[PDB]
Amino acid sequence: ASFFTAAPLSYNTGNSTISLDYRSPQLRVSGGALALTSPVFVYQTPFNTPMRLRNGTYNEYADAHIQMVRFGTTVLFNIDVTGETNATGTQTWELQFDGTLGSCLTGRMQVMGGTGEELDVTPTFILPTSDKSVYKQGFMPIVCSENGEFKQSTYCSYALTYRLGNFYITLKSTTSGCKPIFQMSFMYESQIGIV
């Protein structure tokens, strides 16, 4: 009565209630707190902290920077591999995630905000299908290189699967004489909604 509300705040004299007006397609209320409808979350390898990946059961290794960007219900997966050995024929890199929480078991990953800071969010938003019966494989063209010099044009396979209640992303690069040094990216869908 003896105060007013500037938009987006509103007062209703009928029920004596102060409210926040918001556009529902962009923002929403979640357990009584304001949230976004389509927030951006990134589960990534930390700054300057690549993950060490093993080629199958061999004692061949590579350093990987990984970003997993959630927008809407899409996950954009991006990996920047860099091995020191000149590999074999096909090589198999495997990321393993907890099937309930999404936490990377293979190596250290963090939910990072735009502030730079680590967010206290369980990374379930990277999991496809809450039901563990997922299909999705595919190929992507890549370029093996070294010291900023072109080596090969070739391809990289990807596959998403569940085994023993754990989510796997399995990449199959096919080099021949070159080292496994390449960036690749793909998109997939997460049925798990962000609450």
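Start at 1 with the first residue shown and count on from there.
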Report task. May I ask you to compare 1-9 and 186-194 by their mean CA B factor in the entry and name the higher one? Result -> 1-9
Report summary line: For 83-91 versus 104-112, entry-based mean Cα B-factors point to 83-91
Query raised in the report: Out of 70, 52, 28, 132, which residue has the highest Cα temperature factor in the PDB record?
Result: 132
Query raised in the report: residue 142: which third of its chain by C-alpha temperature factor?
Result: middle
Report task. Could you look up the Cα B-factor of residue 58 in the entry and say which third of the chain it sits in: lowest, middle or highest? Result -> highest
Report task. Compare the C-alpha B factor of residue 44 with those of the other modelled residues in its chain, then answer lowest, middle or highest third. Result -> lowest
**Report entry** Chain-relative CA temperature factor third for residue 152
**Finding:** highest
